[PDB]
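Quick setup: one chain, the form solved without ligand DTR, written in structure tokens, and binding and motion questions come after.
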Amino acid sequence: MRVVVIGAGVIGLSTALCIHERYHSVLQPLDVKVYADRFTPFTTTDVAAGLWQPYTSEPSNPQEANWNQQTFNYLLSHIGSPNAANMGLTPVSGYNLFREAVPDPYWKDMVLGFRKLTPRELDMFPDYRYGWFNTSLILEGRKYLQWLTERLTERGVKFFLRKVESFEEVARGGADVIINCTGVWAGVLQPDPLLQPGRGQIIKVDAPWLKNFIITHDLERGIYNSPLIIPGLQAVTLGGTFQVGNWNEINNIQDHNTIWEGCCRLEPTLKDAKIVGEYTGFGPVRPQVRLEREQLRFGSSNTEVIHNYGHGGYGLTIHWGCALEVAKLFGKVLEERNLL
């Protein structure tokens, strides 16, 4: 049984590993390969701020709430292990800041120690009048990618750096199942006009004194179009733009300014932070994650495609529940093929 996962971003590798760990022991042969035209550090996952937190508003599909939860508990269960940091994983506490009262988020009980900020805490943030405190996890994408590829490699999964032109060519090259984990570029293999790039720019900074995440919201502005500060493993991420529809891969001057001034005002000590790097990523924005299976027909073998894309600005946050779901759909595929 030959499985090609297309994509080496967080979604690809997580899904690839989950499939292998679930079925290596029961299927023989099972051959899993990863194709992609960029690997770390060249994916959007690499640019990700690296924090577990869903959108403040609930999701359309309630399965996603669950996929987030599964992802959190998965990640939390690693805290305590010697290799947590090598995976890019470590606990962080921080603040969500609003200019007025808002409902509690659907994920309040999933995180650790959710509570509302007290009048004292707020004086720390002059420009805001309401907010939350909680404890969550950093998942640094660059590092987690390095961990997964190593974990994949150790188990004999093989990587191929290449550009897939169609699902057809890959099936024709001998894939029985295709897991489509192509992020914002899924539309090149099958038009999907619900999928748009969520263009976010970030500034990477050396400011090791900052131990807490700080995320502001501007309800009249759209999610992550207000300043945010997220301590990483060895640097800090500064953001404040997330504009959907823009396909520009290059850094922009106006965005640099919006992020720097917004964050400098939020966290004035930034005046002495050294700028280390500036990047631009595309979140695969979609009303809903596409995680379903599809039957494609070329030549003689019917080939099965399982999509797993459109995780917007929360791919790190939801990834494991999504992989888990794909490996189950895959199980069904094995079934119908009397393969167990």
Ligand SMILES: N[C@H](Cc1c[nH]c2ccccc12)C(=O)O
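Numbers follow the displayed sequence, beginning with 1.
Not on display, but discussed next: the form solved in complex with ligand DTR.
Proximity of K33 to ligand DTR in the deposited complex falls within the 4.5 Å heavy atom cutoff. Although the partner is absent here, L89 is not a contact residue: none of its heavy atoms lies within 4.5 angstroms of ligand DTR in the deposited complex.
Contact annotation: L148 falls outside 4.5 Å of ligand DTR in the deposited complex, judged by heavy atom distances.
Residue contact with ligand DTR in the deposited complex: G174 places a heavy atom within 4.5 Å of it. With the partner omitted here, the stretch from 298-306, 59-67, 25-33, 267-275 that lies within 4.5 Å of ligand DTR by heavy atoms in the deposited complex is 25-33.
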